[PDB]
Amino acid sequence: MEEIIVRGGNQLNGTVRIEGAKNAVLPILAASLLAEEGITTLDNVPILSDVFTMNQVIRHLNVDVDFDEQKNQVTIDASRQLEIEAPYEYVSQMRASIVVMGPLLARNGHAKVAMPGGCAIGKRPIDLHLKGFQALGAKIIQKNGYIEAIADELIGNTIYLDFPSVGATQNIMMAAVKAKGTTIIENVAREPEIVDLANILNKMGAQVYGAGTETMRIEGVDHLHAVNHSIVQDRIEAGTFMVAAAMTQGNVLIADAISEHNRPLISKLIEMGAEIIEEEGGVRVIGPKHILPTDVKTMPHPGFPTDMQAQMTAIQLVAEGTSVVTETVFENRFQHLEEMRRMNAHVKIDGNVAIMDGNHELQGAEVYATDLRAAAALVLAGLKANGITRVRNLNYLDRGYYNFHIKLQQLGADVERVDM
């Protein structure tokens, strides 16, 4: 139905405000199920479709969720007896909805959640979630495409994660905060979203230590209460605008940006010639006249974030030389590069390596997004392409970016969103 039309050749200048983090708000909404009494109030909630889906998931568990979009605020009342079922209708749209499994085990000792199927970008199975829950004393059945977890008594244990899975970390944390005794998670996810989740759980009465470090220690408690919490800024939306500034000879202040949440991206953009400055008001990015090539390798935090990879390929594809990207977190997250061949991108892909030759002008063309970050990457490429770029499948964009086109317009970009 809709497309974003982009003309290139304009420098981005000004200030940009950033929404609260998609990847923090979804687990924190699930965390609100832990409050047996009181009203949870979340501030700085972004208006994204994944938030609407998660709000539906939670309502279907017998919970009142009001989203005041104007105030960017969600109130949750989970004080009634919860239902325990999250069907494929919701999990098929968004597999993040499975992080309700942990709170449901803590509250009810029972959860019945649809097994996620395929993802475009080539996701992992939920094996590490289940490993965690089994370690805490849960029995796991599968029938009719559902995972049913039952635990009369959750008991703390030592759990080693083979990979530092963000999702498994979140799911297990939220079960363990009400398990009897000590839980220790080794090789936890260290991402800033984990820290924000830990911060709210602690306010709710939990005891979570070492969030953001290699080892997390959780002391179980009997009762959790509701609190007010402001979602941390979205480091990926921030980073997307940092790339946009760096590739357009821009001068853009990302308001209240937390630089410690983008150490990799900042370092890499500086290697490509950008000047990046921490100021009282946020992080300023000044794009160079000559964009220099650099190689990028994605890894679990604190390495380079996979959620910045697609956006980063856009600037690598206009750099003056050959750049390489290696994706070690996702199996099939180069589909945007396949599309950008329509825009005359010279790129060779083999397995989880892509080789980009940026000594070619990008050309406007009609292009279809394949996933959330691919949509942003195609728009960014449009900022530097010659002619007119038309980006479609904006359903993907809306999952993670609010008012992307308007924020870009306000920075001087020639970007419209229109009907076909």
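The first residue of the sequence shown is number 1, and the count goes up from there.
When the mean C-alpha temperature factors of 69-77 and 237-245 are read from the deposited coordinates, 69-77 comes out higher.
Across the two stretches, 220-228 and 314-322, the PDB entry reports the greater mean Cα temperature factor for 220-228. In this entry, the residue among 194, 188, 347, 154 with the greatest C-alpha B factor is 154. Taking the PDB entry at face value, the top CA B factor among 101, 296, 337, 343 belongs to 101. Residue 364: CA B factor lies in the lowest third for its chain, per the PDB record. When the CA B factors of the chain's modelled residues are split into thirds, the value for residue 327 lands in the middle one. Ranked against the other modelled residues of its chain, the C-alpha B-factor of residue 391 as given in the entry falls in the lowest third.
Annotation for residue 308: CA B-factor lies in the lowest third of the chain's modelled residues.
Among the modelled residues of the chain, residue 415 sits in the middle third by CA temperature factor in this PDB entry.
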